[PDB]
Amino acid sequence: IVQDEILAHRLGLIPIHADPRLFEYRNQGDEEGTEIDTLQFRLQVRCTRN
Amino acid sequence: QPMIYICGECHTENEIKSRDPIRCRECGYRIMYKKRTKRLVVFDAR
Amino acid sequence: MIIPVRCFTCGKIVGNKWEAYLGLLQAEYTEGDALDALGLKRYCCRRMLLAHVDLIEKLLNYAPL
Amino acid sequence: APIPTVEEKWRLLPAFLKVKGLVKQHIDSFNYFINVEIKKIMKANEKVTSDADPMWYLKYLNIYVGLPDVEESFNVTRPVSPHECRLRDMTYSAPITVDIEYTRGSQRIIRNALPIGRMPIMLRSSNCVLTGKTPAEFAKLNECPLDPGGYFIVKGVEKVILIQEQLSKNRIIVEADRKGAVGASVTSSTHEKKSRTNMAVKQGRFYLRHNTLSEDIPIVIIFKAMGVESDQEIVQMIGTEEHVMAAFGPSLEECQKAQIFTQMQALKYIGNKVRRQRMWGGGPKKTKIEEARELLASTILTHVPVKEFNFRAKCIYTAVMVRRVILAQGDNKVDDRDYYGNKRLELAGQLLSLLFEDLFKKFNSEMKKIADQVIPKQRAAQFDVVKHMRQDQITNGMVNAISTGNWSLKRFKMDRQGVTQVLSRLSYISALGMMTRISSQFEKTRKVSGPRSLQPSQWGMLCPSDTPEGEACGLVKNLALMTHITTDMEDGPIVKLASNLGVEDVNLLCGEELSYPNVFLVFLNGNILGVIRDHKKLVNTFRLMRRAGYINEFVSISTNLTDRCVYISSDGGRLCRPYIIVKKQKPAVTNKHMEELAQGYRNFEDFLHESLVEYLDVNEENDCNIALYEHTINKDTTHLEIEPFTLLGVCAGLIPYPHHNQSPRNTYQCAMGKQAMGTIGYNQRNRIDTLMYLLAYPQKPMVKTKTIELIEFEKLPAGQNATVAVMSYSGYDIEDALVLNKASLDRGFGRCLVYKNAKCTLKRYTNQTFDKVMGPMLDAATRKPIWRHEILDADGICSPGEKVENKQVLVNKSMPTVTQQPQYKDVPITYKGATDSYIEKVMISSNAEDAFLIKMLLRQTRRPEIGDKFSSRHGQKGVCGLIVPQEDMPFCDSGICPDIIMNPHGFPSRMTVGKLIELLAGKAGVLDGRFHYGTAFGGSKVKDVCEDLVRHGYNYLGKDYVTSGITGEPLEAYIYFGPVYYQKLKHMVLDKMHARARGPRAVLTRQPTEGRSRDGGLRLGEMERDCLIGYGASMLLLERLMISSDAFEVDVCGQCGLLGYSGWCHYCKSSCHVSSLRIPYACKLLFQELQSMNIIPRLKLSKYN
Amino acid sequence: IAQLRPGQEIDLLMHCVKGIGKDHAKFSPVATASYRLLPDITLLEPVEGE
Amino acid sequence: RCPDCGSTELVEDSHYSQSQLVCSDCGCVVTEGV
RNA sequence: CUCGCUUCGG
Ligand SMILES: Nc1ncnc2c1ncn2[C@@H]1O[C@H](COP(=O)(O)OP(=O)(O)OP(=O)(O)O)C[C@H]1O
Ligand SMILES: [Zn+2]
Ligand SMILES: [Zn+2]
Ligand SMILES: [Zn+2]
């Protein structure tokens, strides 16, 4: 029910325990991202009856 | 080509082809929404 | 619709303190002492939790399912 | 020794709202109309027959409306929820069926259930499916439990029939004319005829004017015509005061100048002064005296009845009217129209009753005409009505009248417009307040004076603050929180009690008794019920009987001592309000009664029956003495106010501490809050509307009025509480502007969602060819859909979840051009939009006409920015002038940085102390975890919140020590910090921003189009041209009005002076004198129009030198 | 993060990149970073009694 | 066909509420205004 | 598209 943009905004506000000093600023563009300057989090929840 | 829809109360996957009167099996309800797309969508946290 | 993750003014994480707050209301606690026990000192987070309406379950009652 | 106070007295208000109040007006009126009134109308028109072929008839037996159903299924009905009617763009109606008996071939044939029409069904009415349902059942039906209901659904749109306000009928009105002459008027209206008859004093003598008379005639002649012939009796009826005879003498002299002395002579005079109604077909012996007598008996003063050509009562009525005119001709006691004791409210029920009566009469007339055309000529195959009873007549009439909103009743000569309006779904408060609106009989069409004013009669009945700010200020009004509209009564027991109470019959005495100082006339709905002495006993007995229950509690009795008239009102539409009865300085309501009410022993009806609370009409409350509070009760007090804050309406109930503000601020807040952004209902996700505004994280207000609790506004909030600090910052908040915090907006403050609708139809035409949607046109180069068709699914309809850009197709619609192979031309539904939008859902339905209805719900997520309008629940509408970073914001010792910085300068001019008190109360409440109340004429006092603040360690006045965010140094002055309930308005800069290139032009005059929706350009009005002229800028004026708008080059013949084409003059058949000339296109259109009007403009050209 | 009902599903991936709170408030590390001057209340004359 | 370069790549592309049939190769505006 | 009607905004 939560809209996609609202869900993304909520996910952005969640703090991440990763140490920022170990990464670098992502370059302008480069939406793919590399190992140095990004992290990936998978969220997969399927609700079903008990 | 299987075109799939979801009725408003059964919420069951119904495959209907072109020029079919809009209905649903195991119901008679006639509001037939379309399923969400499979293409990836990118959103900005801003 | 749903409890905001962050407090609007200060920015303290308030999203994770919602359901537990309800537990304190499911218990005998008043509003003020429950907010004190949750650790909301400045009044902005107290306004965040106190004035929030949980519309998500009422909307989910109208969800397809 | 202060008088004891019943603290729980306010608890009477919710109990009342359990049975009446906000929305129950329309619902009760519609239930009465569909359960009682329709049967009365059918009984009035039960038998229809034709003059040709007697012994043939069609008789109606019983009528039913049934439950709402849909005719989609082939000759089969199916129960339908209102939300389904909303989605399918169909009407939410129920089948009007009737059982009849008629004669086919002189053999009686009866039908027990024969459909004839469809009634659009008001939501939450008796027949509506939503009534008597639980919130879980509401969820199963996809309807919000908090929806007010009371509105019709026609063709998918929600229409509300506004409550009409009009002057009461059959009442004497003494008024001044344009020339200052004090005349009289009465609009005698019965169930059949409305006629306004006037009395004038134009030459010191009284004439009676009516539309059926060629010329106004002296009143004495009319008196002689109506049976009374002696002049002395007429003078006795007028009055025995000396000045009355002095004033009425000239009329007697004028009568005596003519030789009119008998009833026959006056009847002959009137018949001479009679005008034939356009050669009325059929002549009953050169009628004249009979015409005059019929006009006197029927047409003139219709509401006054003549038993059998006995004009005694009508004589008394006109004598009373003459006496009132004479008395008002001295002391200028001219009655005012704006007094709401003379006003009546028509709900949806009465309007629908009139419409159904007209439609049923038309249906019966059509049936009779068909019978006349068919029966006497056809065959031994006997004509029967069932083969001719068209069922679309009533249904189409109802649907068109409700949808378009224009009502044309030829039987009543009533042409009304704007009866129904589209229900506004901007917010819950918007719909709730629109549900209780009242429209005026006069329109903002002109600058009137008086109705627009706030009359004191609106007390307790209508909201004083709630009125639309603009051209319709004062002409659209809102009902108060605790009010009731009366219905019609039987009028029988009132007459019986009045006769038994000593009221002498008027026919038994001469008119001289009317002039006695102690004799009081008693009326009843404009009819003289009689005369009485010692009217105090009669009034007290009538009120006591009404309290006892033998008389209906809505029957009103009032006394006018100046005119010495006791008025008894029993007609419907009058405004009433409950009041606590006070007997000898002690209220009938005690603490024990309120305790029983709280415990559930008794309800409001029990209070009504036990003579504790009684309804007061405006006319009746004119004679009563009402005390606002217990301490105000004195010896001469007859009633007690239940709750003062019920004076305000529904929208004005949102204002915290409204009594601390200036009234224009309250009016602005009512208007603003009608437009507040917020949640609509629990089914706002399944609902698909043309435009919907939602708030991401709505919050209930910290300072809530009891009206908010009563209407359950906190369940559907329409705003957010922001930590407002009142200070001047950066000079970006000069005039009503406010500064927003960038971090707050980044954390979801003010985040809003805009839902728009895009609907398409695929209809099958008369020829067996239909609209079809192609699949996406794949690009052969890349084997992928082209950029325009990027979002389309395999079926040619855009799939939910993707984002749409400008000039992209949502539905790949292609339609035939024939109506031999079909030829399809493309008319795809493109998305016109400045910004990207996301498709949330796509709904596909099929109507009975095989028309495929497709609706896409596009969603946009908008963040507050520069230009977004913000309100503060106190009429302090503002624009976000600057968005500063969080670190630049000032901070307190605790580290709190404000979300909104509002300029202090807005306070002194507007004196909105209520905002300051609300801020203080909200700060105290959030500190101690409470919800303070800003109830009108009450609420939490300043002292208590100050004590709470000092107890919590903050300053007792909200002002806090603050360090500047920029310089890092403390501010010299303490800053006023606190949570304020700010609400975002629908007015956004993104929607309002407009820019115009060359763009399109209009065909008639080649100038840019009008509106933003049509990509129109801005307009240089007449005053802009005047300002440019005043500047003297000739070249810029020429460039703006000629070069940049409608420049054109025409060919003018220098010989004939007319317009040629392509360097050739057809008139002169030559091309030597044709010269090109620059000109505005509108001027060329004007010249051609003038030529068509035979006003030939001939242009004599010359060289520019 | 969100609330679901049976049948509903949330499947997504999140790319996290380094950023400063000036660009967006979601990057701010501190809930509240503030300072106040140390008070020093002084008594001009000796106060005794109630 | 485009009157300038002779191509047949005539695309109907509306640019900010201005209907416009334009060559897709050289950008020559063939027709404009409705 | 034209036209009218309403509701807004100011
Ligand atoms: N019908 C109208 N004609 C011309 N200008 C208008 C009209 N309605 C609004 N405006 C514009 O709005 C401005 C009216 O504001 P003004 O009357 O001075 O303050 P206000 O609306 O009384 O606010 P307060 O109630 O004093 O807070 C001035 C004018 O340019
Ligand atoms: Zn189904
Ligand atoms: Zn906070
Ligand atoms: Zn010529």
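Residue numbering: from 1, along the chain as shown.
Per deposition record, electron microscopy, 3.0 Å.
Placement of Cβ uses the backbone N, Cα and C atoms for every residue, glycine included.
Listed in Swiss-Prot:
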BINDING   F:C2, F:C5, F:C23, F:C26  Zn(2+) binding site
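Projection of Swiss-Prot feature records onto the structure.
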residue	record	Cβ within 10 Å
F:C2	Zn(2+) binding site	18
F:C5	Zn(2+) binding site	12
F:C23	Zn(2+) binding site	20
F:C26	Zn(2+) binding site	12
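Apart from F:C2, F:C5, F:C23, F:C26, the Zn(2+) site neighbourhood in this chain, defined by C-beta within 8 angstroms of the site C-beta centre, holds F:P3, F:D4, F:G6, F:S7, F:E9, F:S24, F:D25, F:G27, F:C28.
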